[PDB]
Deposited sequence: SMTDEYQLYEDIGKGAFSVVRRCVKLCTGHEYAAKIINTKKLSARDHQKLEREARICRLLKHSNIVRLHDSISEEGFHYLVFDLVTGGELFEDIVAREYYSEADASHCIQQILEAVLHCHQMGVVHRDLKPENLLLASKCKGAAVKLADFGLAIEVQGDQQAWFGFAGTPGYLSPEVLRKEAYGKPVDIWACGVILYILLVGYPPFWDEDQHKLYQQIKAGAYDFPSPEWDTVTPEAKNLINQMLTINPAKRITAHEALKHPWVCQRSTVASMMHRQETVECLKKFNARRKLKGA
């Protein structure tokens, strides 16, 4: 079926291959899941991801086109978005300000709010899952990869397990405590910090040491580079990177923050060349692991 209706080409970003639907000619992105030796637990996980990806239709989340079960393999076929990773586009721009970073985080927070309204916690918000719709200027930021996503019942929090990328892990996950939606907003804080200065709030070559920093919530806003960053941006990072998840800002409240919703008057329009140059180094460091 899928082997008669599509043609598969190169691996994108399970394997994820760019494909073309033969009858229409349009391009897609197929997540190819080998299901021959799958434990019962993992069949439920894959059913769940498919179900999550069908449920979530939003301007800023990559859309599922189809879900195709075959012998040995399952295919989740998504719309192809062709603008690449957000962070790789930012380093290529002539102008980059807080206003631009506010615009990105706004779109990301709209994606996260929608997941959270639908009962979905992504659990692996990181740069590689933030894609641009196209190479056109002002292309939407789109959230990808719900591989690690879970379904929650309302605001019911629980220990769902370790999942996610070290630098973006929340304190409550690292303390092996009950968590839920707030872990996504922590990750969004970490992304926002990198979006403003081009390096992470938490870093250590030793990861046990990194996890201690995160559990402590020990970041700061060093001079000189944070000296020019508006206090309203720093305020928002502080509300997202709050260690107590009950006190942490929600996606709904974060979108009502003035730096996000009154960007044209609150966020700095000043070019931040040093950010762009740190991002370049950041991007280089990550594509080496």
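Asks: Counting from 1 along the deposited sequence, give me every gap where there's no C-alpha, start to finish.
Replies: Sequence ranges with no C-alpha atoms are 14-17, 294-295.
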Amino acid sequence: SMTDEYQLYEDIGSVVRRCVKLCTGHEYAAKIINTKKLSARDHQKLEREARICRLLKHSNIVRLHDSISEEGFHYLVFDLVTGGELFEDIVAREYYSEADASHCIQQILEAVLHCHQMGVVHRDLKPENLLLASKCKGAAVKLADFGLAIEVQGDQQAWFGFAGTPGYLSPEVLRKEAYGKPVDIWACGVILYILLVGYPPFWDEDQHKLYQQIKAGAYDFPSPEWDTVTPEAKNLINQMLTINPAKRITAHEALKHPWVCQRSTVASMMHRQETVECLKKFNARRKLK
From here on, numbers count along this sequence of modelled residues.
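Asks: Looking at the entry's B-factor column for C-alpha atoms only, identify whether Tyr75 ranks in the lowest, middle or highest third of its chain.
Replies: According to the entry, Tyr75 has a C-alpha B-factor in the chain's lowest third.
Asks: Could you tell me which third, lowest, middle or highest, the C-alpha B-factor of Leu56 occupies within its chain?
Replies: Ranked within chain, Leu56 CA B lands in the lowest tercile.
Asks: Please place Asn129 in the lowest, middle or highest third of its chain according to the CA B-factor in the PDB entry.
Replies: Middle third, going by the recorded CA B-factors of the chain.
Asks: Lowest, middle or highest third of the chain for the C-alpha temperature factor of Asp227?
Replies: As the PDB entry reports it, the C-alpha B-factor of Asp227 lands in the highest third of its chain.
Asks: Within this chain's modelled residues, let me know which third the CA B factor of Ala111 belongs to: lowest, middle or highest.
Replies: For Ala111, the deposited C-alpha B-factor lands in the middle third.
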